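Residue strings, one per chain:
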Amino acid sequence: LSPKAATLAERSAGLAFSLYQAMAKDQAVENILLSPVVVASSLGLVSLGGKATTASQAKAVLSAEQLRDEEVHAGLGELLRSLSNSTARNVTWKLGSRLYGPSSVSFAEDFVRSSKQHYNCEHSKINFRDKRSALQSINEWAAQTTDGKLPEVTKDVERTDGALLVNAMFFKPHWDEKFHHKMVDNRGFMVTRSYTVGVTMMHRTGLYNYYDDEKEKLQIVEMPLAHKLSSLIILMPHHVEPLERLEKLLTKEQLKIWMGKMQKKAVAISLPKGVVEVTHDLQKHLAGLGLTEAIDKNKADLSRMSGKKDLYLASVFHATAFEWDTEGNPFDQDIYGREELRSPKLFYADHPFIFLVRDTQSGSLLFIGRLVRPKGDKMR
Amino acid sequence: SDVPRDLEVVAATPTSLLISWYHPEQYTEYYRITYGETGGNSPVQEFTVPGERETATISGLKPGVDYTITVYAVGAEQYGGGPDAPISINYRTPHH
């Protein structure tokens, strides 16, 4: 990444953690799945189609005060292009971003042109009169973007009069060392110690960077993705417990400390297999971090987006289908005939855990989330 | 069916044994092969072999000694507290 895109990768990760922490405090929030660059591009779109404090507060939430407007849109545009670097573009990573305005609102050509170049933003009109048809247009668009992996964004829309930004994603981590396609069976996932759901799990034993934090009662394992161009790190408590305690330890300083103590050891990994569909409306959480002007029906200045002050940010849907599957790169099976795999560490992910995907080339954080409650109907 | 079957010594020398077995019904990721003197004190010695293989050579044995050979199938069932899938045999290596 260029110096400007590198500073915005750090700011986008910082924003995703603050957004994750604000969402983890909400009792209605169960699974979390955030792509820091997609979240940052949503604020970038508010700055591009916004004026005076509506646009300045968008940069303030990203902690990008000392960055010029051109540096913000060019850096975020370069960051969105770099997301396809560690993955098979339009195969294991699909992303669409659509701005839905009311039927009585026409988007300015200046905004359409710049938003499409910087953020690959699509523009559409929505008839809020029949709610069933307005929902079906958004749900069918997300389903087509992800080829049915995310068949629905939401079952209801609350604010039916402003602009609706919708981000639909499909991501499937391709392991550097695949799990065998038949090493799958049905298991229990303890949502709490008194509530267990059924899940399909995939299993493999291999060599992974690993650390067992005995003091903080958690295991941490790094699973490299294809050609080690990215890696997926999982932090799971020893006991089935609410993630609140572990989430308090979620700082860059502690993550750097845990990464430094990891050693390559034989680990018997078992993970839930299937699609985790997570939809968040980031409107109320982004407002809670400093985006009060854009979300208000009266104070919102989105004149660069439409031409007149007839638009306010009603919703920021961030919907992702994150697929845990066995597929990855092949490897030499003779690694099984080696002494190192004699007594592996057991990483059996049958209870809530935090996970993060990081681009190894740019150091940029690709995904942050947690799995608390697996769907409940994706078992074989 | 869900355990390895037909474990037998195919070839034997004073210091070595070539063993063979038939895979279980379910897919096997890898096998753990353990061996040691029957009823003795010494901890058993073990090595792993990829799941595709149905033969293994045990070397460094003592002539005319009785050994207990156990072959464990490690598949999806064995993960997360699942039961072991073993098969054991006894064989006295020749004095030759």
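Definitions and cut-offs
- Residues numbered from 1 in each chain as written, not as in the entry; some residues may be left out.
- Chains lettered and ligands numbered in written order.
- Heavy atoms only, no water.
- Residues with missing side-chain atoms left out of burial classes, pairs and counts.
- UniProt positions renumbered as here; feature names shortened; annotations may be inferred.
- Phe/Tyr/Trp six-rings, centres within 6.5 Å; stacked < 30°, edge-to-face > 60°.
- Helix = DSSP H or I, 4+ residues; strand = E, 2+ residues; numbered from the N terminus.
- Buried < 20%, exposed > 50% of the residue type's maximum accessible area, 1.4 Å probe, protein only.
- Pairing = 2+ DSSP bridges.
- Axes fitted to C-alpha atoms, helices over the stretch in contact; angles between N-to-C directions.
- Domains from an automatic or database assignment.
- Buried area = accessible area lost by both parts, 1.4 Å probe.
- Polar contact = N/O pair within 3.5 Å; in protein donor to acceptor, adjacent residues only side chain to side chain.
- Nonpolar A, V, L, I, M, F, W, Y, C, P; charged D, E, K, R; others polar.

- Its PDB header names X-ray crystallography as the technique used to obtain the model and reports a resolution of 2.075 Å.

- If you look chain B up in the PDB entry, it shows as anti-HSP47 Adnectin-53 from Homo sapiens.

- The PDB entry lists chain A under the name Serpin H1, with Canis lupus familiaris as the source organism.
- UniProt, in its Function (unreviewed entry) section for chain A, records the words "Binds specifically to collagen. Could be involved as a chaperone in the biosynthetic pathway of collagen."

**Here we look at the packing of aromatic side chains**
Residues and elements named next belong to chain A.
Step number 1: Counting across every chain of the model gives 16 aromatic pairs over all chains.
Step number 2: Measuring from centroid to centroid gives 5.0 Å for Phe322 and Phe355, while their planes differ by 55°, and the two rings are tilted. Of this pair, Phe322 sits in strand β10 (residues 313-324) while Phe355 sits in strand β12 (residues 353-359), placing them 33 residues apart in sequence.
Step number 3: The buried category is assigned to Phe322, whose relative accessible area is 0%.
Step number 4: On the accessibility criterion, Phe355 (2% relative accessible area) is buried.
Step number 5: Ring pairs connect the aromatic residues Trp93, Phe171, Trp175, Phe179, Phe322, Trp324, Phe353, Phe355 and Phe367, which therefore count as one cluster.

**Digging into the sheet that holds strand β2 (residues 16-22) of chain B**
All names here are of chain B.
Step number 1: Spatially, the three strands line up as an open sheet ordered β1-β2-β5, and their pairing is antiparallel. The sheet is open, and its two edges are formed by β1 (5-13) and β5 (55-59), each paired on a single side. This sheet shows a mean twist of 20° between the axes of neighbouring strands, independent of strand direction.
Step number 2: Sheet topology note: the β1/β2 ladder contains six bridges and is antiparallel. Bridging from a neighbouring strand, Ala11 pairs with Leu18 of β2.

**Focus: the domain arrangement of chain A**
Residues and elements named next belong to chain A.
Step number 1: Considered domain by domain, chain A is made up of domain 1 (3-173 + 276-322) and domain 2 (184-273 + 338-371).
Step number 2: The C-alpha-based centres of domain 1 and domain 2 are spaced at 29 Å.
Step number 3: Summed over both sides, the interface of domain 1 with domain 2 buries roughly 2000 Å², with 66% coming from carbon and sulfur.
Step number 4: When residues of domain 1 are sorted by the area they lose upon contact with domain 2, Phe17, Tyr20 and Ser86 head the list and together hold 30% of the total.
Step number 5: Run the count over domain 1 and domain 2 and you get seven residue pairs in polar contact.
Step number 6: Contributing elements (two or more residues each) for the side of domain 1 that touches domain 2: α1 (3-25), β1 (32-34), α2 (36-48), β4 (163-171) and β10.
Step number 7: Per element, the largest residue contribution to the side of domain 1 that touches domain 2 is seven residues, and it comes from α1.
Step number 8: Taken together, the residues that form the side of domain 1 that touches domain 2 break down as 20 nonpolar, seven polar and one charged.

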